[PDB]
Amino acid sequence: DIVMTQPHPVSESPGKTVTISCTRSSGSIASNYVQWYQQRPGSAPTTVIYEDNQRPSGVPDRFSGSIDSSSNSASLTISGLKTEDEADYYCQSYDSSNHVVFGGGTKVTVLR
Amino acid sequence: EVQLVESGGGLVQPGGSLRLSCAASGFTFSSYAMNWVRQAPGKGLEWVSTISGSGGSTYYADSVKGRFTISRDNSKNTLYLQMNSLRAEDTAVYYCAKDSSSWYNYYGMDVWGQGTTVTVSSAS
Amino acid sequence: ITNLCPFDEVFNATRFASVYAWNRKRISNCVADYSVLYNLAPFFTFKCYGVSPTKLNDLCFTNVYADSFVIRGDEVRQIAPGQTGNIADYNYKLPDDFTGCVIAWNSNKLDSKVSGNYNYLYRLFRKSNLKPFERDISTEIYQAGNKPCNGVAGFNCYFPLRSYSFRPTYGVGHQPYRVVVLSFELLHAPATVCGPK
């Protein structure tokens, strides 16, 4: 229906764990699963989870996903901040009309 | 594990025709839904359209409905996108993404590819 | 105008969905050729509440839907536009506008593996009251507030994922049934699927 609003870009110092929130625009979160993607500036987006929530295609333990009904939002937890993590991220899902809805995007920055 | 090559991204005047080819490679390409997505410069991603794995079911978004078509070839599997009567908002980078296996159509998305930048201007 | 409808791949799937997570495949811009779907095997359910399947080939529609899932035997009757039941008003509900079909069939011929069918579940525990399309995909715990549980043992709460126990050495009434429904809807948009005239 409505594009899911994504918060402002965030920055984090190395050696910490970051948390990205994705809030539903309209209605409730009672729909299909919400996934994430990693798109480097100038590069193609890469998915963080292969099918639903299990071992993806090369991210051992960095990315993890959760859903919170109290806040009604998706939460992407990224542990082990590396130099390859400073990039743009978008949370994508589907609506009740089989339309692919995306987010506003969030730039995760690493301090050097 | 998916190679994507197209023709180009040359501009065209408002009210033109464009054909984008998303021929891929690999071994598992029998029945997989394909999604055409776009991203405007200085703006996030925006889904354009999608087609089923067998090539029967195909639909588009609300703002790009009526002037865009999408087809799929199987024996030489390739995703064709025909864009007619372009507007000033169509200038964006387009990508063609795969999905999970044939059972779930709105669950799972594999590697996307490369995409190409299409611009719509009006000058000399 | 278009090619054949991909319905042939809907009724022939390698792995169907569950009750808590059910497929919602949108079909549009195809041909409504039910001549092959009419002379199928003698199934146990071929009911269409909307219109007659003969006159359906000459009726235009904007977009149609296809929802496939697997339930037990006694749960097939609960699929109706308004009815009580453990699945009818808790996990799978339909408003008073369904004009499609409730075609279903039994598939207890190839699933004869006595090893534990802990793959499908229906999430008996829920707190849904309105919004008939109130789905659920997370793996939370059954609670309604008032200092909820925060452990694994529980004894006051419970894990709201009750899997099935489908075994080949059972009788009628408690057999698996794959049900595929076709949700129809018409909005302010030109029609796409009409059927061969």
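Positions of Cβ are backbone-derived with ideal geometry, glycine not excepted, and every protein chain shown enters the neighbour counts. Read the figures in this text as sums done on the coordinates, not as results from a lab.
Table for the structure above
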| read-out | value |
| --- | --- |
| Considering residues of the range B:95-106 that are surrounded by 20 or more Cβ atoms within 10 Å (Cβ to Cβ) and without any contact (Cβ under 8 Å) to a residue 12 or more places away in the chain only, the residue nearest to the other protein chains (Cβ to nearest Cβ) | B:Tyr106 |
| C:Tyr92 being crowded, with 19+ Cβ neighbours inside 10 Å, of a type in the set (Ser, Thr, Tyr) and assigned to a loop (DSSP other than H, G, I, E, B) | yes |
| Residue in the range B:57-74 that is in contact (Cβ under 8 Å) with a residue 40 or more places away in the chain, under 16 Å from B:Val2 (Cα atoms) and within 14 Å of chain C (Cβ to nearest Cβ) present | yes |
| Strands (runs of 3 or more DSSP E) contained in the range A:51-112 and holding at least 2 residues surrounded by fewer than 18 Cβ atoms within 10 Å (Cβ to Cβ), more than 10 Å from chain B (Cβ to nearest Cβ) and among the hydroxyl-bearing types (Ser, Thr, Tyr) | A:63-68, A:73-78 |
| Test for C:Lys127: is it surrounded by 11 or more Cβ atoms within 10 Å (Cβ to Cβ) and not aliphatic (A, V, I, L, M) | yes |
| Condition broken by C:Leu130, with the remaining ones in (1) of a type in the set (A, V, I, L, M, F, W, C); (2) closer than 22 Å to A:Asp95 by Cα; (3) touching a residue at least 40 places away in the same chain (Cβ under 8 Å) satisfied | (3) |
| Only one of B:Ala24, B:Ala40 that is buried (at least 19 other Cβ atoms within 10 Å of the Cβ), within 28 Å of A:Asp88 (Cα to Cα) and not acidic (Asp, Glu) | B:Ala24 |
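Table: residues versus (1) more than 26 Å from the chain's Cα centre (by Cα); (2) within 14 Å of chain A (Cβ to nearest Cβ).
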{"position": "C:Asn108", "(1), (2)": "no, no"}
{"position": "C:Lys131", "(1), (2)": "no, yes"}
{"position": "C:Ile137", "(1), (2)": "no, yes"}
{"position": "C:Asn150", "(1), (2)": "yes, yes"}
